[PDB]
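Asker: Before we start, here is the structure in question, set down as structure tokens.
Bear in mind these aren't lab numbers, they're just calculated from the coordinates by the rules spelled out. Here Cβ is always computed from backbone atoms with ideal geometry, including for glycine, and neighbour counts include all displayed protein chains.
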Amino acid sequence: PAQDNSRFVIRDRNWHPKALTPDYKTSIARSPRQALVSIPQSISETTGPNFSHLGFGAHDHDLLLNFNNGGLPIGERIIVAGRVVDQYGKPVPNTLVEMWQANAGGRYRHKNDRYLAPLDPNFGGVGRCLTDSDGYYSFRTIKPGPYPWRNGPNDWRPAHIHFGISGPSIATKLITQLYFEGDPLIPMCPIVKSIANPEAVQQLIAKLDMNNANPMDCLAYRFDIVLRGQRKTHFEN
Amino acid sequence: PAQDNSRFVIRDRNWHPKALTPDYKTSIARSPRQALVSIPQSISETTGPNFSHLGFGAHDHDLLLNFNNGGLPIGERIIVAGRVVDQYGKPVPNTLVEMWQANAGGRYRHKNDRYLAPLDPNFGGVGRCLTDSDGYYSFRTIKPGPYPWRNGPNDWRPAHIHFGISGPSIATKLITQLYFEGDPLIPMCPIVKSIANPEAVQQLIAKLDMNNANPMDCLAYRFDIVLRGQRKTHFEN
Amino acid sequence: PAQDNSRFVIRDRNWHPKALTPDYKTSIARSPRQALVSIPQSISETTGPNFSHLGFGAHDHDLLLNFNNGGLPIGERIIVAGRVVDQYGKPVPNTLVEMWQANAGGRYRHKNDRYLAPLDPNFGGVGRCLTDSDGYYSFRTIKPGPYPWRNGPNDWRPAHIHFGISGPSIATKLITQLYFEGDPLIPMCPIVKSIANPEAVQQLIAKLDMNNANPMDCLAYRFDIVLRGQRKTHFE
Amino acid sequence: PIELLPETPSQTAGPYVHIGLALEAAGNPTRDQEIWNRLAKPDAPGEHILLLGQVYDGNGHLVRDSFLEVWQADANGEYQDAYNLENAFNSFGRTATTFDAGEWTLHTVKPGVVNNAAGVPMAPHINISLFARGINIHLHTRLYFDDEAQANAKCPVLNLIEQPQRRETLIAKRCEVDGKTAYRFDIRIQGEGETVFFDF
Amino acid sequence: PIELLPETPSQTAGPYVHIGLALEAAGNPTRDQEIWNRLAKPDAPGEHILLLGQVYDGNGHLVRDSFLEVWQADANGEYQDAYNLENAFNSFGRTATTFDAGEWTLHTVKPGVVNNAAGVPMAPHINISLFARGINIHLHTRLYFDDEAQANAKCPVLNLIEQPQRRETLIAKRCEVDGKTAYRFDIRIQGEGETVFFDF
Amino acid sequence: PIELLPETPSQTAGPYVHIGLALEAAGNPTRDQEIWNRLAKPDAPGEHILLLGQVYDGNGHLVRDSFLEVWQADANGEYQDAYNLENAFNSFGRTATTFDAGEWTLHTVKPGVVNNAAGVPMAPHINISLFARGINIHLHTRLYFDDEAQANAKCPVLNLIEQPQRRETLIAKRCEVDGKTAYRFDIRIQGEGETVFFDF
Amino acid sequence: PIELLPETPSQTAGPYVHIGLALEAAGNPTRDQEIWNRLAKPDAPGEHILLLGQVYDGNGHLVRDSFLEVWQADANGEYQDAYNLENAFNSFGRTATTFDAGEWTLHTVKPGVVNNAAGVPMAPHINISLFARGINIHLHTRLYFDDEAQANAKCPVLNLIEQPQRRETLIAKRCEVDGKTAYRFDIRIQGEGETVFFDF
Ligand SMILES: Oc1ccc(F)cc1O
Ligand SMILES: Oc1ccc(F)cc1O
Ligand SMILES: Oc1ccc(F)cc1O
Ligand SMILES: Oc1ccc(F)cc1O
Ligand SMILES: Oc1ccc(F)cc1O
Ligand SMILES: Oc1ccc(F)cc1O
Ligand SMILES: Oc1ccc(F)cc1O
Ligand SMILES: Oc1ccc(F)cc1O
Ligand SMILES: Oc1ccc(F)cc1O
Ligand SMILES: Oc1ccc(F)cc1O
Ligand SMILES: Oc1ccc(F)cc1O
Ligand SMILES: Oc1ccc(F)cc1O
Ligand SMILES: Oc1ccc(F)cc1O
Ligand SMILES: Oc1ccc(F)cc1O
Ligand SMILES: Oc1ccc(F)cc1O
Ligand SMILES: Oc1ccc(F)cc1O
Ligand SMILES: Oc1ccc(F)cc1O
Ligand SMILES: [Cl-]
Ligand SMILES: [Fe+3]
Ligand SMILES: [Fe+3]
Ligand SMILES: [Fe+3]
Ligand SMILES: [Fe+3]
């Protein structure tokens, strides 16, 4: 079973988005109005699931093939790859990375999406994988389209892929979004701008990565993820 | 019949791309090695077709509907609109604008395209229209994907739409390409870089145009086109 | 049993010198006029010779001792050392590094060199070695002199050592030249200037490395070499 | 001062979180193996219990698109981190509110007592992280049990909440669902009865 | 000096130009009305002729993906600019090389003489603009006729080409195709016999 | 975008390349072990062949200071990367043009077929890299055999050369040189009959 | 991206708004023609109705210096934009809360049904813009009628309000005021029962 053997650097909650960001309208009623209560790390917080023994399918990381209904998805073929490290720069091996996205036209395969852009019969929009022993993950997919949403009267999300990363403890678990280099919608989005510091937003922008492209086949983007630094306990009790 | 009633400002052939641009490999053998011979404008050059009486179909300008085989195309729904003016700033009314492009995944509907990204059964990729009395044109389409090509070993065209514009004479006719704001492939492309002056390349970059978007429906891009200035003859003979 | 198990990052042929660079006169007739034909990598391109079991003599890397005809060569005693890595920063171990150069006066020991600066009876001008397990190589030599050549009417090569590096495949093999920090001939040379980007030229300039010098003995220069990035195939 | 690499910033999980993390609930096919809401096989050691609850916004309206991750000790007070669908017990699970009723469910065992870092026993608890459209960074809380009053009164984590009235927000109410032992843990994100949320 | 707005810069028409401007040739369906290579209805005034040609690159190889636009006077020396598929004659047309043989064809009438801006008669000619993959800005040329030698020798445009040998590159060769009067106009983009290209 | 460390830029091998890589040709003593032009000892399996050729510049003149490196499969279509002078066969060798006649020679065996990365058989070939004074970055080409016509026609690399006329530049001509089977492979760097050079 | 000229920014109408837009309420003389609160003369077709209401701030206190502008279809569902005091009906009017009681009144007819831009019928409504001291940019709302329940349930604008509880805030209550049919429509700017305000 799991042991308390480490501590995780405290989050900077001015680097992360704050809860109440009223231009993102749904945040108004879904944000606390009392302060978070700080508590010391115990075994409850410094441990978490490891997914090394989860059964992954052959195509779980390949969105071109994992929803195959007679053909390939339509859209910009891309590899999305990167490294998961902690704040000390140490790789985070054997960690679960999950992703979900809309299709090339900005339509999600979800019963609550009322955008009338069509579904792609060969695209599902979900992937997962486990980082390798050096911290690296890779997915193959199509680039998602922007899509409109009922925030302001003409608001559009930039093209994005949602990511979830487990890390070594429940204290490190993170959900975030990847955006794409140069997208002119990024500075306009109230969800992006829930992050107050523009330097923090830059950390969510995936860079075109020609070195990882497959010629005559697919482009590639690089998205590195940084989880809370993990250190040994010292001088405690 | 047509009359010689005007002159067209001489082209700047250092603003346009030169013929021999060897990083674009096919230009090497398809560029002259003798100088162009300059000739004065005559009625042969200062006249050209007007397409006001060409029969346009209802959907000729709407690539979402003009190749309808049971559904909508997959991809980023966009309006591409702008104004055609001459170098003096005067609108060019009732002029033919034609466009052609790949689908959302960078596949062209042409028998010579060997890229294996799939065709979209509801997308053709051709449009045309005639500018209105104030010089404005509009198309509706999906944003094309980048695509790989056999130039260097890992070359990719940025997302682009090919354009042809007639203007008032054969002296004004132009073929060009529209690129999209922020695309990181633009500075890397040897066809883009056939244009030596980076300020000239900027003229080919369409800007996101939120004011022309249809909320919950489609985004919009603006691409204005400048043809050779037209002036009356003076002090001739 | 060489296996195709990797890909090499495509070369930037605007970083390298172009073929046609007319101020370097011999390039005019020895440059193609048709475009190169791009081809995908196969086992033919992604493999190459490994020289681990080439039989190196004891002094193959030491030009002060490898042409010994009664004494030491005349000239500036130097160590030339560095690391061979790929574009991802990974060391390139057990790779062949070959070098050749003129003597202290700019004279090559080659029958076709008609420059009238004398040969040095104790200097040959050739070295080789294999990088170690961490990618490091080292030679000991004398600093070559500049030398004049029949390009323009008063052209002089900067002091230089020619280098050949094999790397993991025929796709990575490179011939290049090392120049020396501060040499005022560098910006004037039409061979140096076959490289259009001055930042690329800077990559060929060896830096004085006092930390690697042997006091009362020899100076040292550092020359790191970067070969094409090597990655595993994916999604093929 | 010393500055480490910055953490990648959080973003909302968004309304369509289910397509990545609750596939069935999105209306979609599932993969061979999914991480979900049954932590205990029928023969797992300990007292088998159902947990359920609803999530409310600041206007008292159900949050029908919320997603919860849970982490708890097993009945013997051990955290089982080697996640495996073949395990008798997993300490980790996921659940989501139904869109109709807005109710999430979890099938598990009552957790055993674990000590804090100073060796002081904590009352039995489930660690919860709450994600949803509108929640920019997930909210951490704990579910304790109303039939553990003696332990709860001495818990070194509950005792860090200054006001007893606020401690009450973390106590799940014992009840019965289809005749089986259950505890209800409603979360109020904002306003009257606002649930305590933690930082650590 | 006075600087006007810069012209939008040219780019290559590219290998797939046909999908926009020669739909049939791309392998695609055509629209009700297309701008193409039959300038004259059978009863149009003048001498009906076929024009045809091949386009060569600097290595002497066929350019199989070239696209040509033409502009010529009618038989009476009038430019008919009101383009209409119902016209007896259009002064404008388009054609493309076949991919197999690399040959383009145009069905038209021999153009009448038109004066230049100084009132000097020009020899009968077709104005041609050549587009293709690899051609960054279109190339302008003129097709004159080998059976108009007297007029050609006096043409104020041909006379601006310094070398008579180069003037010969613009003279189409009379021939017969399926027994019908025709003229062949091959274009050599580069090298030996390079076709004269104009700027204006 | 992502930018890696830049590659060290190439420079010409220069006129005295042989002092470093071809010691005998410089007029100098050789070391105990040298890398040179006999890939196969007499006992190696396969068809033993002589390869020879000359190298021409753009004015049709011999390049007398050329240096070639070659890489080929053995007779069974396997590349042998463990270079050792003891081996019956090495996949790698070097040669150079002699200063008087301009001819290089290689002693080897005809390579077997090897598949490309998609599993499609390539015609038998020798990979060549050409270095010389005036060549700023080495030129890559392939030598194929005129007695492998059926295979050459189907080679996925030869078929990437757009023009058949250019494919002909990579086909060596079978002959006999003092009784032994040989193939001649001339390289023309520039101009008429210019040899295809590759990038990869 | 493309940026147009920026809109002139709004400012509060302020406490003395009535001097400019509601001359009588300021205690001042009026001009010969004023824009005010009687949209219909007695002879206008339709059901004549009185509308009245009060405006509350976030502490539940009357806003006594509110100014409302209204825009509604006539009884036949047509908007009449030609404003003229001679007309039997105008689609536009103004009212204000009295300083002692805080009540505004409007005399009009019940509007007919008008379709949205997709051709879907909207329930009968009056468009309201609310201005006042402390309101930096005016608030847009709609007044619907409690005796149009079937239509209200199907209104494509009401259905864009996510919560039914919030839709109830836009429904005016039918009553009788000294014998005449009336509807009361209170607006709560902030807090419990907060009125839905729109952006468009
Ligand atoms: O009660 C609050 C009010 C404003 C805010 F930004 C945060 C809060 O917790
Ligand atoms: O004793 C503690 C109490 C609260 C906290 F956040 C940290 C501690 O170490
Ligand atoms: O004891 C601790 C040490 C570091 C930290 F971030 C939290 C702790 O509770
Ligand atoms: O209104 C619409 C919006 C998006 C779409 F794909 C189709 C529509 O009819
Ligand atoms: O908070 C922000 C973040 C990114 C940006 F472009 C603008 C912002 O105001
Ligand atoms: O013959 C030429 C050579 C080089 C060039 F850039 C243009 C030419 O016309
Ligand atoms: O007479 C002329 C000749 C050539 C030219 F380009 C312009 C002229 O006006
Ligand atoms: O006469 C002319 C005047 C202006 C011009 F650009 C060309 C001409 O031939
Ligand atoms: O090799 C390929 C490249 C693009 C594609 F869409 C499919 C393929 O199999
Ligand atoms: O000619 C150019 C044009 C655009 C650019 F980004 C770079 C260039 O060198
Ligand atoms: O044929 C060429 C002409 C000029 C140049 F720079 C490169 C070429 O390949
Ligand atoms: O199919 C290909 C063709 C040429 C090339 F350079 C790369 C490829 O992948
Ligand atoms: O398959 C490939 C992948 C990367 C590369 F650089 C070349 C290739 O042929
Ligand atoms: O100490 C306490 C613990 C839980 C609770 F509900 C109330 C308390 O006062
Ligand atoms: O004046 C001429 C006109 C056409 C031609 F072919 C040759 C000439 O000398
Ligand atoms: O396909 C070919 C291969 C080799 C050659 F010489 C000619 C060809 O047409
Ligand atoms: O759909 C509705 C419309 C008006 C209302 F008061 C309640 C509703 O549920
Ligand atoms: Cl000597
Ligand atoms: Fe999303
Ligand atoms: Fe294109
Ligand atoms: Fe040298
Ligand atoms: Fe005021």
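Asker: I want to verify the translational diffusion coefficient of the stretch A:147-235 in µm²/s; compute it with Stokes-Einstein, Rh as the Kirkwood radius over Cα pairs, at 20 °C and 1.002 mPa s.
Answerer: On the way: Rh = 15.4 Å.
The calculation lands on 139 µm²/s.
Asker: Peptides B:223-231, G:152-160: what's the order by average Cβ count within 10 Å, highest mean first?
Answerer: Highest-to-lowest ranking by the protection proxy: B:223-231, G:152-160.
Asker: Select from F:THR8, F:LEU50, F:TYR79 the residue farthest towards the positive end of the dipole of chain F; place +1 on Cβ of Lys and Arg, -1 on Cβ of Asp and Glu, and compute about the Cα centre.
Answerer: Checking the options against the dipole of chain F, the answer is F:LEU50.
Asker: Relative contact order for chain A: what is it in percent, counting Cα pairs under 8 Å that are at least 6 residues apart? List each step's numbers first, then the result.
Answerer: Working: 491 pairs, mean separation 63.5, N = 237.
So the answer I get is 27 percent.
Asker: Would the stretch B:1-105 count as rounded, prolate or oblate if I go by the C-alpha gyration tensor, calling it rounded below 1.5 in a/c and otherwise prolate when a/b exceeds b/c, oblate otherwise?
Answerer: Oblate is the answer for the stretch B:1-105, as a/c is 1.5 or above yet b/c matches or exceeds a/b.
Asker: In nm to one decimal, list the spacings between the D:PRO164 label point and its equivalents in the other copies, with label points set 7 Å along Cα to Cβ, shortest first.
Answerer: Computed spacing set for this position: 4.0, 9.9, 12.0 nm.
Asker: Next question. How far apart, in nanometres, would the label points at C:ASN14 and G:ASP199 be if each is projected 7 angstrom from Cα along the Cα-to-Cβ direction?
Answerer: Rounded to a tenth, the inter-label distance reads 4.2 nm.
Asker: Reachable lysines from A:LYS173, Cα under 22 Å, same-chain residues fewer than 8 places away excluded?
Answerer: Within the straight-line cut-off, A:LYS173 pairs with A:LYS18, A:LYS90, A:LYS193, A:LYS232.
Asker: In addition: Less than 22 Å apart at the alpha-carbon level, and either on another chain or at least 8 residues along: which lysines does that give for D:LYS180?
Answerer: Those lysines meeting the cut-off are D:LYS41, D:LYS110.
Asker: What does the structure give for G:135-142 when I average, per residue, the other chain Cβ atoms found within 10 Å of the residue Cβ?
Answerer: Partner-chain Cβ atoms within 10 Å, mean over residues of G:135-142: 0.
Asker: When chain A is modelled as a GNM with alpha-carbon springs shorter than 10 Å, which of A:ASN14, A:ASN66, A:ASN212 fluctuates the most?
Answerer: A:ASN14
Asker: Could you give the length gained on full extension between E:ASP178 and E:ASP32, defined as 0.36 nm per residue of separation minus the Cα-Cα distance, in nm?
Answerer: Value of the extension gain: 49.6 nm.
Asker: Could you calculate, for chain C, the ratio of the Cα radius of gyration to the Kirkwood radius, expressed as Rg to Rh?
Answerer: 0.98
Asker: Based on alpha-carbon positions alone, could you give the equivalent ellipsoid semi-axes of the stretch G:72-171 from the gyration tensor, as √(5λ), descending, whole Å?
Answerer: Listed largest to smallest, the semi-axes of the stretch G:72-171 are 23, 20, 13 Å.
Asker: Quick one: among A:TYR108, A:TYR221, A:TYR88, which has the greatest mean-square fluctuation in a GNM of chain A with alpha-carbon springs under 10 angstrom?
Answerer: Ranking A:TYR108, A:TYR221, A:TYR88 by mean-square fluctuation puts A:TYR88 first.
Asker: Would you tell me the mean number of C-beta atoms belonging to other protein chains that fall within 10 Å of each C-beta in B:112-119, as a whole number?
Answerer: 5
Asker: How shielded is F:71-83 by partner chains, expressed as the average number of their Cβ atoms within 10 Å of its Cβ atoms?
Answerer: Across the residues of F:71-83, the mean count of other-chain Cβ atoms within 10 Å is 5.
Asker: May I ask you to work out the translational diffusion coefficient for chain G at 20 °C, viscosity 1.002 mPa s, via Stokes-Einstein with Rh from the Kirkwood sum over Cα pairs, reported in whole µm²/s?
Answerer: Taking Rh from Cα pairs, D becomes 120 µm²/s.
Asker: Another question about this same structure. How far apart are the G:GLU24 label points across copies, placing each 7 Å from Cα toward Cβ, in nm, shortest first?
Answerer: 6.7, 7.7, 11.9
Asker: Here's something else I'd like to know. Give me the Å³ per residue figure for the convex hull around the C-alpha atoms of the stretch F:128-186.
Answerer: 108 Å³
Asker: Taking amide H atoms as placed 1.01 Å from N in the peptide plane, list the residues 5 or more away in sequence, or in a different chain, whose amide H sits under 5 Å from that of E:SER66.
Answerer: E:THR97
Asker: Can you give the FRET efficiency for F:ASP146 and F:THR98, using 1/(1 + (r/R0)^6), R0 = 30 Å, r = Cβ-Cβ distance, to the nearest 0.05? Provide the component values of the computation, followed by the final result.
Answerer: Values: r = 25 Å, r/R0 = 0.82.
For F:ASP146 and F:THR98, the calculated efficiency is 0.75.
Asker: For B:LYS143, which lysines qualify as cross-link partners when the Cα separation must be under 18 Å and same-chain residues fewer than eight apart are set aside?
Answerer: Leaving aside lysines fewer than 8 places away in the same chain, those within reach of B:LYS143 are A:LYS143, B:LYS207.
Asker: Nm distances between the label at G:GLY134 and the same-position labels in the remaining copies, 7 Å along Cα→Cβ, shortest first?
Answerer: Inter-copy label distances (nm, one decimal, shortest first): 2.6, 7.7, 9.1.
Asker: List, in order, the whole-Hz ³J(HN,Hα) value for each residue of the stretch C:9-24 obtained from phi through the Karplus relation with A = 6.51, B = -1.76, C = 1.60 and θ = phi - 60°; use x for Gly and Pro.
Answerer: Result, ordered by residue: 3, 4, 5, 8, 7, 9, 8, 4, x, 5, 5, 8, 9, x, 5, 8 Hz.
Asker: I need the P(r) histogram for the protein assembly as shown: all alpha carbon pairs, bin width 20 Å from 0 out to the longest distance, whole percents.
Answerer: Computed distribution, short to long bins: 8, 26, 30, 24, 10, 2, 0.
Asker: Suppose only helical runs count, i.e. DSSP H with n ≥ 4. What mean residue ellipticity at 222 nm does that imply for the protein assembly as shown under -39500 (n - 2.57) per run, divided by all residues and rounded to the nearest 500 deg cm²/dmol?
Answerer: Numbers: 20 runs with 93 residues, N = 1510.
Mean residue ellipticity, 222 nm, calculated: -1000 deg cm²/dmol.
Asker: Nearest-5 percent of antiparallel DSSP beta bridges in the protein assembly as shown?
Answerer: Antiparallel bridges: around 75 percent, rounded to the nearest 5.
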